[PDB]
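Q: If it helps, the file is called work.pdb and holds PDB, C-alpha atoms and all ligand atoms:
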ATOM      1  CA  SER F   5      24.130  50.234 -21.337  1.00  0.00           C
ATOM      2  CA  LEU F   6      24.780  47.322 -23.792  1.00  0.00           C
ATOM      3  CA  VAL F   7      27.909  47.467 -26.049  1.00  0.00           C
ATOM      4  CA  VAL F   8      27.745  45.143 -29.070  1.00  0.00           C
ATOM      5  CA  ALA F   9      30.750  44.467 -31.373  1.00  0.00           C
ATOM      6  CA  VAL F  10      30.260  43.263 -34.982  1.00  0.00           C
ATOM      7  CA  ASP F  11      33.399  42.254 -36.862  1.00  0.00           C
ATOM      8  CA  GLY F  12      34.331  40.246 -39.974  1.00  0.00           C
ATOM      9  CA  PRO F  13      35.488  40.714 -43.590  1.00  0.00           C
ATOM     10  CA  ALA F  14      33.410  42.776 -46.067  1.00  0.00           C
ATOM     11  CA  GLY F  15      30.381  41.289 -47.823  1.00  0.00           C
ATOM     12  CA  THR F  16      29.265  39.025 -44.997  1.00  0.00           C
ATOM     13  CA  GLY F  17      26.098  41.119 -44.359  1.00  0.00           C
ATOM     14  CA  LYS F  18      27.882  42.918 -41.568  1.00  0.00           C
ATOM     15  CA  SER F  19      26.487  46.449 -42.123  1.00  0.00           C
ATOM     16  CA  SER F  20      22.937  45.247 -42.712  1.00  0.00           C
ATOM     17  CA  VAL F  21      23.165  43.060 -39.601  1.00  0.00           C
ATOM     18  CA  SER F  22      24.693  45.794 -37.392  1.00  0.00           C
ATOM     19  CA  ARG F  23      22.067  48.341 -38.449  1.00  0.00           C
ATOM     20  CA  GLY F  24      19.314  45.719 -38.011  1.00  0.00           C
ATOM     21  CA  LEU F  25      20.535  44.846 -34.503  1.00  0.00           C
ATOM     22  CA  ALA F  26      20.839  48.535 -33.613  1.00  0.00           C
ATOM     23  CA  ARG F  27      17.353  49.304 -35.026  1.00  0.00           C
ATOM     24  CA  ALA F  28      15.787  46.419 -33.013  1.00  0.00           C
ATOM     25  CA  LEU F  29      17.676  47.158 -29.782  1.00  0.00           C
ATOM     26  CA  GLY F  30      16.989  50.910 -29.876  1.00  0.00           C
ATOM     27  CA  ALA F  31      20.769  51.401 -29.959  1.00  0.00           C
ATOM     28  CA  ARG F  32      23.119  53.898 -31.563  1.00  0.00           C
ATOM     29  CA  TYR F  33      25.018  52.520 -34.575  1.00  0.00           C
ATOM     30  CA  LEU F  34      28.713  53.251 -35.094  1.00  0.00           C
ATOM     31  CA  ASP F  35      30.115  52.422 -38.525  1.00  0.00           C
ATOM     32  CA  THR F  36      33.890  52.616 -37.827  1.00  0.00           C
ATOM     33  CA  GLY F  37      34.740  51.847 -41.474  1.00  0.00           C
ATOM     34  CA  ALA F  38      32.874  55.033 -42.513  1.00  0.00           C
ATOM     35  CA  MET F  39      35.024  56.962 -40.064  1.00  0.00           C
ATOM     36  CA  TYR F  40      38.193  55.768 -41.837  1.00  0.00           C
ATOM     37  CA  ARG F  41      36.583  56.614 -45.191  1.00  0.00           C
ATOM     38  CA  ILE F  42      35.720  60.177 -44.064  1.00  0.00           C
ATOM     39  CA  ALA F  43      39.288  60.648 -42.834  1.00  0.00           C
ATOM     40  CA  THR F  44      40.385  59.306 -46.226  1.00  0.00           C
ATOM     41  CA  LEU F  45      38.241  61.860 -48.054  1.00  0.00           C
ATOM     42  CA  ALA F  46      39.805  64.669 -45.999  1.00  0.00           C
ATOM     43  CA  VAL F  47      43.259  63.334 -46.924  1.00  0.00           C
ATOM     44  CA  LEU F  48      42.422  63.324 -50.647  1.00  0.00           C
ATOM     45  CA  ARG F  49      40.889  66.826 -50.434  1.00  0.00           C
ATOM     46  CA  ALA F  50      44.056  68.053 -48.674  1.00  0.00           C
ATOM     47  CA  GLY F  51      46.290  66.755 -51.441  1.00  0.00           C
ATOM     48  CA  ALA F  52      48.387  64.974 -48.817  1.00  0.00           C
ATOM     49  CA  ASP F  53      51.226  62.844 -50.183  1.00  0.00           C
ATOM     50  CA  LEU F  54      49.824  59.295 -49.817  1.00  0.00           C
ATOM     51  CA  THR F  55      53.368  57.844 -49.476  1.00  0.00           C
ATOM     52  CA  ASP F  56      54.007  60.156 -46.448  1.00  0.00           C
ATOM     53  CA  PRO F  57      52.449  58.856 -43.168  1.00  0.00           C
ATOM     54  CA  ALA F  58      53.119  62.230 -41.461  1.00  0.00           C
ATOM     55  CA  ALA F  59      51.217  64.118 -44.218  1.00  0.00           C
ATOM     56  CA  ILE F  60      48.337  61.637 -44.065  1.00  0.00           C
ATOM     57  CA  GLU F  61      48.282  61.946 -40.255  1.00  0.00           C
ATOM     58  CA  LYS F  62      48.130  65.764 -40.378  1.00  0.00           C
ATOM     59  CA  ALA F  63      45.294  65.947 -42.965  1.00  0.00           C
ATOM     60  CA  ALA F  64      43.220  63.350 -41.085  1.00  0.00           C
ATOM     61  CA  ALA F  65      43.903  64.976 -37.689  1.00  0.00           C
ATOM     62  CA  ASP F  66      42.538  68.285 -39.050  1.00  0.00           C
ATOM     63  CA  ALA F  67      39.298  66.576 -40.272  1.00  0.00           C
ATOM     64  CA  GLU F  68      36.062  67.144 -38.352  1.00  0.00           C
ATOM     65  CA  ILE F  69      34.538  63.700 -38.703  1.00  0.00           C
ATOM     66  CA  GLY F  70      30.915  62.830 -37.968  1.00  0.00           C
ATOM     67  CA  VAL F  71      29.049  59.585 -38.459  1.00  0.00           C
ATOM     68  CA  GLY F  72      25.271  59.493 -37.921  1.00  0.00           C
ATOM     69  CA  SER F  73      24.304  57.235 -35.014  1.00  0.00           C
ATOM     70  CA  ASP F  74      20.846  56.433 -36.448  1.00  0.00           C
ATOM     71  CA  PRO F  75      20.850  52.953 -38.028  1.00  0.00           C
ATOM     72  CA  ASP F  76      17.948  53.916 -40.319  1.00  0.00           C
ATOM     73  CA  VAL F  77      19.976  56.502 -42.264  1.00  0.00           C
ATOM     74  CA  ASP F  78      23.164  56.600 -44.317  1.00  0.00           C
ATOM     75  CA  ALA F  79      24.909  59.675 -42.806  1.00  0.00           C
ATOM     76  CA  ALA F  80      28.562  60.648 -43.016  1.00  0.00           C
ATOM     77  CA  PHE F  81      29.796  64.193 -42.408  1.00  0.00           C
ATOM     78  CA  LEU F  82      33.046  66.078 -42.975  1.00  0.00           C
ATOM     79  CA  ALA F  83      33.041  69.624 -41.526  1.00  0.00           C
ATOM     80  CA  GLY F  84      29.224  69.645 -41.655  1.00  0.00           C
ATOM     81  CA  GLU F  85      29.014  68.591 -45.316  1.00  0.00           C
ATOM     82  CA  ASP F  86      27.061  65.401 -46.171  1.00  0.00           C
ATOM     83  CA  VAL F  87      29.605  63.031 -47.778  1.00  0.00           C
ATOM     84  CA  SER F  88      27.616  59.793 -47.471  1.00  0.00           C
ATOM     85  CA  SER F  89      27.683  59.154 -51.194  1.00  0.00           C
ATOM     86  CA  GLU F  90      31.257  60.292 -51.897  1.00  0.00           C
ATOM     87  CA  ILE F  91      32.851  58.172 -49.113  1.00  0.00           C
ATOM     88  CA  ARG F  92      31.551  55.079 -50.889  1.00  0.00           C
ATOM     89  CA  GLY F  93      32.929  56.201 -54.284  1.00  0.00           C
ATOM     90  CA  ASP F  94      35.931  54.759 -56.108  1.00  0.00           C
ATOM     91  CA  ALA F  95      38.613  57.290 -55.091  1.00  0.00           C
ATOM     92  CA  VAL F  96      37.873  56.890 -51.360  1.00  0.00           C
ATOM     93  CA  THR F  97      37.597  53.074 -51.696  1.00  0.00           C
ATOM     94  CA  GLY F  98      41.010  52.983 -53.397  1.00  0.00           C
ATOM     95  CA  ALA F  99      42.767  55.287 -50.891  1.00  0.00           C
ATOM     96  CA  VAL F 100      41.204  54.126 -47.584  1.00  0.00           C
ATOM     97  CA  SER F 101      43.655  51.216 -47.209  1.00  0.00           C
ATOM     98  CA  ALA F 102      46.620  53.627 -47.419  1.00  0.00           C
ATOM     99  CA  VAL F 103      45.082  56.068 -44.946  1.00  0.00           C
ATOM    100  CA  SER F 104      43.969  53.297 -42.577  1.00  0.00           C
ATOM    101  CA  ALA F 105      47.487  51.830 -42.509  1.00  0.00           C
ATOM    102  CA  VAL F 106      48.962  54.866 -40.757  1.00  0.00           C
ATOM    103  CA  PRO F 107      49.347  54.112 -37.045  1.00  0.00           C
ATOM    104  CA  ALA F 108      48.599  57.660 -35.821  1.00  0.00           C
ATOM    105  CA  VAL F 109      45.382  57.687 -37.905  1.00  0.00           C
ATOM    106  CA  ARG F 110      44.223  54.458 -36.173  1.00  0.00           C
ATOM    107  CA  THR F 111      45.263  55.697 -32.709  1.00  0.00           C
ATOM    108  CA  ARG F 112      43.139  58.797 -33.111  1.00  0.00           C
ATOM    109  CA  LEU F 113      40.080  57.009 -34.462  1.00  0.00           C
ATOM    110  CA  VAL F 114      40.260  54.102 -31.983  1.00  0.00           C
ATOM    111  CA  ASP F 115      40.280  56.557 -29.071  1.00  0.00           C
ATOM    112  CA  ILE F 116      37.268  58.403 -30.466  1.00  0.00           C
ATOM    113  CA  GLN F 117      35.489  55.083 -31.002  1.00  0.00           C
ATOM    114  CA  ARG F 118      36.151  53.999 -27.425  1.00  0.00           C
ATOM    115  CA  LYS F 119      34.818  57.288 -26.086  1.00  0.00           C
ATOM    116  CA  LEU F 120      31.729  57.176 -28.351  1.00  0.00           C
ATOM    117  CA  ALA F 121      31.050  53.634 -27.106  1.00  0.00           C
ATOM    118  CA  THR F 122      30.484  55.021 -23.567  1.00  0.00           C
ATOM    119  CA  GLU F 123      28.444  58.104 -24.516  1.00  0.00           C
ATOM    120  CA  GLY F 124      25.264  56.603 -23.058  1.00  0.00           C
ATOM    121  CA  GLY F 125      22.881  53.695 -23.541  1.00  0.00           C
ATOM    122  CA  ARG F 126      23.074  50.973 -26.113  1.00  0.00           C
ATOM    123  CA  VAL F 127      25.510  50.906 -29.059  1.00  0.00           C
ATOM    124  CA  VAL F 128      26.364  48.504 -31.892  1.00  0.00           C
ATOM    125  CA  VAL F 129      29.931  49.091 -33.159  1.00  0.00           C
ATOM    126  CA  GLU F 130      30.885  47.609 -36.556  1.00  0.00           C
ATOM    127  CA  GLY F 131      34.502  47.129 -37.764  1.00  0.00           C
ATOM    128  CA  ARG F 132      37.311  44.545 -38.146  1.00  0.00           C
ATOM    129  CA  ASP F 133      38.835  44.375 -34.618  1.00  0.00           C
ATOM    130  CA  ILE F 134      36.162  45.921 -32.459  1.00  0.00           C
ATOM    131  CA  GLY F 135      35.825  42.772 -30.317  1.00  0.00           C
ATOM    132  CA  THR F 136      39.542  42.114 -30.058  1.00  0.00           C
ATOM    133  CA  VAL F 137      41.201  45.553 -29.939  1.00  0.00           C
ATOM    134  CA  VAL F 138      38.863  48.550 -29.766  1.00  0.00           C
ATOM    135  CA  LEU F 139      36.238  47.300 -27.262  1.00  0.00           C
ATOM    136  CA  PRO F 140      37.690  44.092 -25.746  1.00  0.00           C
ATOM    137  CA  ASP F 141      35.165  44.277 -22.854  1.00  0.00           C
ATOM    138  CA  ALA F 142      32.165  44.605 -25.142  1.00  0.00           C
ATOM    139  CA  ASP F 143      29.101  42.814 -23.668  1.00  0.00           C
ATOM    140  CA  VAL F 144      28.248  40.970 -26.861  1.00  0.00           C
ATOM    141  CA  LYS F 145      30.820  40.121 -29.570  1.00  0.00           C
ATOM    142  CA  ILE F 146      29.792  38.812 -32.964  1.00  0.00           C
ATOM    143  CA  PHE F 147      32.107  37.860 -35.828  1.00  0.00           C
ATOM    144  CA  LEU F 148      30.569  37.242 -39.209  1.00  0.00           C
ATOM    145  CA  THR F 149      32.124  35.057 -41.852  1.00  0.00           C
ATOM    146  CA  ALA F 150      31.034  33.678 -45.252  1.00  0.00           C
ATOM    147  CA  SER F 151      32.708  32.068 -48.258  1.00  0.00           C
ATOM    148  CA  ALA F 152      34.659  34.370 -50.641  1.00  0.00           C
ATOM    149  CA  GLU F 153      32.105  33.490 -53.365  1.00  0.00           C
ATOM    150  CA  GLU F 154      29.100  34.555 -51.247  1.00  0.00           C
ATOM    151  CA  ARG F 155      30.924  37.707 -50.097  1.00  0.00           C
ATOM    152  CA  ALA F 156      31.575  38.535 -53.787  1.00  0.00           C
ATOM    153  CA  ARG F 157      27.948  37.747 -54.752  1.00  0.00           C
ATOM    154  CA  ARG F 158      26.702  40.105 -52.116  1.00  0.00           C
ATOM    155  CA  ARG F 159      29.166  42.874 -53.001  1.00  0.00           C
ATOM    156  CA  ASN F 160      28.511  42.570 -56.720  1.00  0.00           C
ATOM    157  CA  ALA F 161      24.691  42.556 -56.155  1.00  0.00           C
ATOM    158  CA  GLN F 162      25.218  45.772 -54.114  1.00  0.00           C
ATOM    159  CA  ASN F 163      27.158  47.339 -57.011  1.00  0.00           C
ATOM    160  CA  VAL F 164      24.357  46.334 -59.397  1.00  0.00           C
ATOM    161  CA  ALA F 165      21.741  47.667 -56.953  1.00  0.00           C
ATOM    162  CA  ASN F 166      23.787  50.906 -57.092  1.00  0.00           C
ATOM    163  CA  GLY F 167      23.546  51.075 -60.923  1.00  0.00           C
ATOM    164  CA  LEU F 168      27.209  50.029 -61.110  1.00  0.00           C
ATOM    165  CA  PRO F 169      28.380  47.347 -63.563  1.00  0.00           C
ATOM    166  CA  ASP F 170      27.535  43.669 -63.073  1.00  0.00           C
ATOM    167  CA  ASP F 171      30.934  42.008 -62.904  1.00  0.00           C
ATOM    168  CA  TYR F 172      31.041  39.103 -60.500  1.00  0.00           C
ATOM    169  CA  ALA F 173      34.415  37.805 -61.781  1.00  0.00           C
ATOM    170  CA  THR F 174      36.157  41.134 -61.032  1.00  0.00           C
ATOM    171  CA  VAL F 175      34.539  41.467 -57.561  1.00  0.00           C
ATOM    172  CA  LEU F 176      35.501  37.870 -56.646  1.00  0.00           C
ATOM    173  CA  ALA F 177      39.127  38.491 -57.865  1.00  0.00           C
ATOM    174  CA  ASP F 178      39.167  41.631 -55.613  1.00  0.00           C
ATOM    175  CA  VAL F 179      37.751  39.716 -52.593  1.00  0.00           C
ATOM    176  CA  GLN F 180      40.383  37.030 -53.090  1.00  0.00           C
ATOM    177  CA  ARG F 181      43.200  39.514 -53.509  1.00  0.00           C
ATOM    178  CA  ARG F 182      42.204  41.440 -50.360  1.00  0.00           C
ATOM    179  CA  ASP F 183      41.920  38.151 -48.439  1.00  0.00           C
ATOM    180  CA  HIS F 184      45.514  37.371 -49.485  1.00  0.00           C
ATOM    181  CA  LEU F 185      46.826  40.801 -48.486  1.00  0.00           C
ATOM    182  CA  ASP F 186      44.962  40.543 -45.132  1.00  0.00           C
ATOM    183  CA  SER F 187      46.981  37.418 -44.447  1.00  0.00           C
ATOM    184  CA  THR F 188      50.406  38.734 -45.518  1.00  0.00           C
ATOM    185  CA  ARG F 189      50.158  42.447 -44.820  1.00  0.00           C
ATOM    186  CA  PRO F 190      47.460  42.958 -42.203  1.00  0.00           C
ATOM    187  CA  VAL F 191      47.149  46.432 -40.629  1.00  0.00           C
ATOM    188  CA  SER F 192      45.482  45.114 -37.452  1.00  0.00           C
ATOM    189  CA  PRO F 193      44.251  41.931 -35.804  1.00  0.00           C
ATOM    190  CA  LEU F 194      41.528  40.505 -38.074  1.00  0.00           C
ATOM    191  CA  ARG F 195      40.250  37.316 -36.415  1.00  0.00           C
ATOM    192  CA  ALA F 196      37.362  36.586 -34.030  1.00  0.00           C
ATOM    193  CA  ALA F 197      37.775  37.294 -30.304  1.00  0.00           C
ATOM    194  CA  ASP F 198      37.961  34.066 -28.318  1.00  0.00           C
ATOM    195  CA  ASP F 199      34.707  35.210 -26.586  1.00  0.00           C
ATOM    196  CA  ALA F 200      32.899  36.143 -29.853  1.00  0.00           C
ATOM    197  CA  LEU F 201      30.018  34.321 -31.453  1.00  0.00           C
ATOM    198  CA  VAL F 202      31.229  33.208 -34.849  1.00  0.00           C
ATOM    199  CA  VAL F 203      28.479  33.001 -37.513  1.00  0.00           C
ATOM    200  CA  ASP F 204      28.918  31.619 -40.984  1.00  0.00           C
ATOM    201  CA  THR F 205      26.272  33.616 -42.887  1.00  0.00           C
ATOM    202  CA  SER F 206      26.944  31.885 -46.285  1.00  0.00           C
ATOM    203  CA  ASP F 207      23.451  30.357 -46.580  1.00  0.00           C
ATOM    204  CA  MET F 208      21.410  32.725 -44.432  1.00  0.00           C
ATOM    205  CA  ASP F 209      19.419  35.840 -45.140  1.00  0.00           C
ATOM    206  CA  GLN F 210      20.444  38.975 -43.230  1.00  0.00           C
ATOM    207  CA  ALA F 211      17.010  38.965 -41.470  1.00  0.00           C
ATOM    208  CA  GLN F 212      17.610  35.453 -40.194  1.00  0.00           C
ATOM    209  CA  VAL F 213      21.046  36.442 -38.901  1.00  0.00           C
ATOM    210  CA  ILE F 214      19.597  39.532 -37.116  1.00  0.00           C
ATOM    211  CA  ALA F 215      16.724  37.490 -35.711  1.00  0.00           C
ATOM    212  CA  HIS F 216      18.959  34.606 -34.409  1.00  0.00           C
ATOM    213  CA  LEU F 217      21.279  37.181 -32.767  1.00  0.00           C
ATOM    214  CA  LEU F 218      18.409  39.101 -31.197  1.00  0.00           C
ATOM    215  CA  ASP F 219      17.239  35.810 -29.628  1.00  0.00           C
ATOM    216  CA  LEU F 220      20.648  35.531 -27.874  1.00  0.00           C
ATOM    217  CA  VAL F 221      20.822  39.083 -26.517  1.00  0.00           C
TER     218      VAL F 221
HETATM  219 CL    CL F 301      33.794  48.047 -47.235  1.00  0.00          CL
END
In structure tokens, how does this file's structure come out?
A:
Amino acid sequence: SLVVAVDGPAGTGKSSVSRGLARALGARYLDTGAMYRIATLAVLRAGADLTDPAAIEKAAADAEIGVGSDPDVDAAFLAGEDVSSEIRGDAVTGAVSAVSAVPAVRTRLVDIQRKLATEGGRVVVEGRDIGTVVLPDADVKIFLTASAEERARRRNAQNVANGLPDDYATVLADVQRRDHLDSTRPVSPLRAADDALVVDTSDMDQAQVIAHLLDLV
């Protein structure tokens, strides 16, 4: 019945680590970020006024959101359609902060996440405040951190690996800017639970992180 929480800022190796843990543990994998991104895609498709929280709420409420629970596959669904690729595109990336900010959007998705966490057997749940807000009684809580530079290196290498432009300076500026806005305009708690393992992954390979964590479970 193990519930595992994996939190931290983007580019720390968080998704690779969560899927790796889930793969190794024979657990379901719940990418909560993807769920916000799918909601965001529904909001964009609806034409909902992004300055109107009630319009955003309505469009996202109406969305039939599915995330694949299999760590070995990239699967995101909106009303049956495979949107895995699109939810990682520029439009969704740009809008997801606005959609995620709306309290009724979070309330809905948090409740779904809590229910999915008890569906049966093992589950690794990835996010920003899984350990502190969504699943405070999770059995294992992990918070991953790394320097801004290493987070940018990773995120830029991922862009390049996706045929996207190689622009480390721009990605670092973005990581820095989002760090700043997390500290002045956060939309949720963002720090490690007091009962979380805190891992600086700056000089470790994702496989080493997964392996060290497996040794502790
Ligand atoms: Cl992200």
Q: Show me which residues sit within 8 Å of ligand CL 301 (chain F) when counting all atoms listed in the file, and put them as an MDAnalysis selection string.
A: chainID F and resid 14:15 37 97
Q: Determine the nearest neighbour of residue 208 of chain F from the options F:62, F:112, F:158, F:126, counting only C-alpha atoms.
A: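 Nearest to residue 208 of chain F: F:158.
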Q: Run the PyMOL selection byres (((chain F and resi 215) around 12) and not hetatm) mentally over the shown coordinates, then write out the matched residues as a list in words, using the chain letters and numbers from the document.
A: residues 21, 22, 24, 25, 26, 27, 28, 29, 208, 209, 210, 211, 212, 213, 214, 216, 217, 218, 219, 220 and 221 of chain F
Q: Under the rule of at most 10 Å, produce a per-residue listing of segment 56-149 of chain F near segment 178-201 of chain F: chain, number, name, the closest pair of atoms, and the distance in Å, as CSV, using only C-alpha atoms.
A:
residue,atom,partner,partner_atom,distance
F:101,CA,F:191,CA,8.9
F:102,CA,F:191,CA,9.9
F:104,CA,F:191,CA,7.8
F:105,CA,F:191,CA,5.7
F:106,CA,F:191,CA,8.6
F:107,CA,F:191,CA,8.8
F:110,CA,F:192,CA,9.5
F:131,CA,F:194,CA,9.7
F:132,CA,F:194,CA,5.8
F:133,CA,F:194,CA,5.8
F:134,CA,F:197,CA,9.0
F:135,CA,F:197,CA,5.8
F:136,CA,F:197,CA,5.1
F:137,CA,F:193,CA,7.5
F:140,CA,F:197,CA,8.2
F:141,CA,F:199,CA,9.8
F:142,CA,F:200,CA,9.7
F:143,CA,F:200,CA,9.9
F:144,CA,F:200,CA,7.3
F:145,CA,F:200,CA,4.5
F:146,CA,F:201,CA,4.7
F:147,CA,F:196,CA,5.7
F:148,CA,F:201,CA,8.3
F:149,CA,F:196,CA,9.5
Q: Would you list the contacts of segment 70-82 of chain F as a VMD selection string, taking every protein, DNA or RNA residue within 6 Å and counting only C-alpha atoms, but skipping same-chain residues closer than 2 positions in sequence?
A: chain F and resid 23 27 32 to 34 68 84 to 88
Q: Store the residues picked out above in a file with C-alpha atoms, as a PDB file, in the frame of the given file.
A:
ATOM      1  CA  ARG F  23      22.067  48.341 -38.449  1.00  0.00           C
ATOM      2  CA  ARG F  27      17.353  49.304 -35.026  1.00  0.00           C
ATOM      3  CA  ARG F  32      23.119  53.898 -31.563  1.00  0.00           C
ATOM      4  CA  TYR F  33      25.018  52.520 -34.575  1.00  0.00           C
ATOM      5  CA  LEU F  34      28.713  53.251 -35.094  1.00  0.00           C
ATOM      6  CA  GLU F  68      36.062  67.144 -38.352  1.00  0.00           C
ATOM      7  CA  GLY F  84      29.224  69.645 -41.655  1.00  0.00           C
ATOM      8  CA  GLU F  85      29.014  68.591 -45.316  1.00  0.00           C
ATOM      9  CA  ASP F  86      27.061  65.401 -46.171  1.00  0.00           C
ATOM     10  CA  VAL F  87      29.605  63.031 -47.778  1.00  0.00           C
ATOM     11  CA  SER F  88      27.616  59.793 -47.471  1.00  0.00           C
TER      12      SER F  88
END
Q: Rounded to one decimal, what separation in Å do you get between atom CA of residue 205 of chain F and atom CA of residue 129 of chain F?
A: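 Computing it gives 18.6 Å between the two atoms.
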Q: So, with all atoms listed in the file as the atoms that count, which of F:139, F:150, F:47, F:54 lies closest to residue 13 of chain F?
A: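 Result for the nearest residue to residue 13 of chain F: F:150.
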Q: To box segment 116-130 of chain F, take all atoms listed in the file, fit an axis-aligned box, add 6 Å on each side, and give centre and edge lengths in Å to one decimal, as AutoDock Vina command-line options.
A:
--center_x 30.1 --center_y 53.0 --center_z -29.8 --size_x 26.4 --size_y 22.8 --size_z 25.5
